[PDB]
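Enquirer: below you'll find the sequence and an experimental structure to go with it.
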Protein chains: 2
Amino acid sequence: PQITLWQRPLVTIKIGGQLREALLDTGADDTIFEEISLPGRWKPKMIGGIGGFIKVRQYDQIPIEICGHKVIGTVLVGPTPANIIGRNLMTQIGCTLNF
Amino acid sequence: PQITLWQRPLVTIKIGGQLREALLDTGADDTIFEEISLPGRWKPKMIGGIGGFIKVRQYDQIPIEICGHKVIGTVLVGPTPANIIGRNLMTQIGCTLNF
Ligand SMILES: CC(C)c1nc(CN(C)C(=O)N[C@H](C(=O)N[C@@H](Cc2ccccc2)C[C@H](O)[C@H](Cc2ccccc2)NC(=O)OCc2cncs2)C(C)C)cs1
């Protein structure tokens, strides 16, 4: 579907049996969620943002449904104020920018 | 044109007679530049993001050229690690997300 930018580009996604809304963020290399429960092993990691850096957990090969699209990738879990779908996953649903 | 997301979506801009590269950021409501010199008055403002918040100057009605597209809008200047073009200007050039 095509989405204009008069409003924040929110998408509904399913991950680990949980439902959430996330922002399609072309300005984000990675995908991060605020508190969700994911299983298994992860690794420590720090993300750099506009206001500074945050410490997150890094999970790989995590199944994720973005607008009905099934894909798998690396998902970070950390203290973000907004759930974000990054380029690492937007690339997987074929999402592009147009103008 | 069309822009896939395998690489950060950078565009070349001209603003205040100065050249810069910026990220087409669908996850940003506003446009922010680190160190550029803009004329005129401005109003202090704070912006939030991953990592915390930062104090920035808010200039309105600033002529800016984005990939050859001449438009005008609010531009923030402040301690940001990367130049960002927000939704406030992306809508001006008719930029959309597609998948
Ligand atoms: C619900 C409430 C919390 C919300 N507020 C907002 C409005 N806000 C603050 C913003 O749009 N804020 C923008 C912003 O930082 N956006 C950010 C996402 C975000 C949104 C909301 C809250 C926190 C983070 C997203 C931006 O693309 C920044 C740009 C950037 C790139 C390189 C270096 C520094 C910065 N990119 C990143 O932070 O990349 C790192 C990563 C971000 N997410 C996963 S990895 C500013 C640039 C204007 C949206 S949702």
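Expert: Noted; the coordinates are in hand. Numbers count the residues shown, from 1 in each chain, chains lettered A, B, ... in the order given.

Enquirer: can we go C-alpha only for contacts and neighbour counts from here?
Expert: OK.

Enquirer: who's in contact with the closest residue to residue A:49 other than its chain neighbours?
Expert: Once flanking residues are discounted, residue A:49 sits nearest to residue B:50: 4.7 Å by Cα to Cα, 6 or more residues apart in numbering or on different chains. Counting by Cα atoms under 8 Å, 6 or more residues apart in numbering or on different chains, residue B:50 touches A:48-54, A:80-81.

Enquirer: between these, which has the most around it?
Expert: Neighbour tally across those (other Cα atoms under 10 Å in any protein chain shown): the maximum, 21 neighbours, falls on residue A:80.

Enquirer: mind checking how far it is from the ligand?
Expert: Distance check for residue A:80 against the ligand: by Cα to the nearest ligand atom, to the nearest Å, it reads 6 Å.

Enquirer: surely that residue meets residue A:34?
Expert: Yes. Counting by Cα atoms under 8 Å, residue A:80 touches residue A:34, with 5.5 Å between them.

Enquirer: how about the residues of chain A near the ligand?
Expert: For chain A, the contact set with the ligand under Cα under 6 Å from any ligand atom comprises A:25, A:27-32, A:48-50, A:81-82, A:84.

Enquirer: let's see 5 Å
Expert: Counting by Cα under 5 Å from any ligand atom, the residues of chain A close to the ligand are A:27-28, A:30-31, A:49-50, A:81-82.

Enquirer: many thanks, we can stop here.
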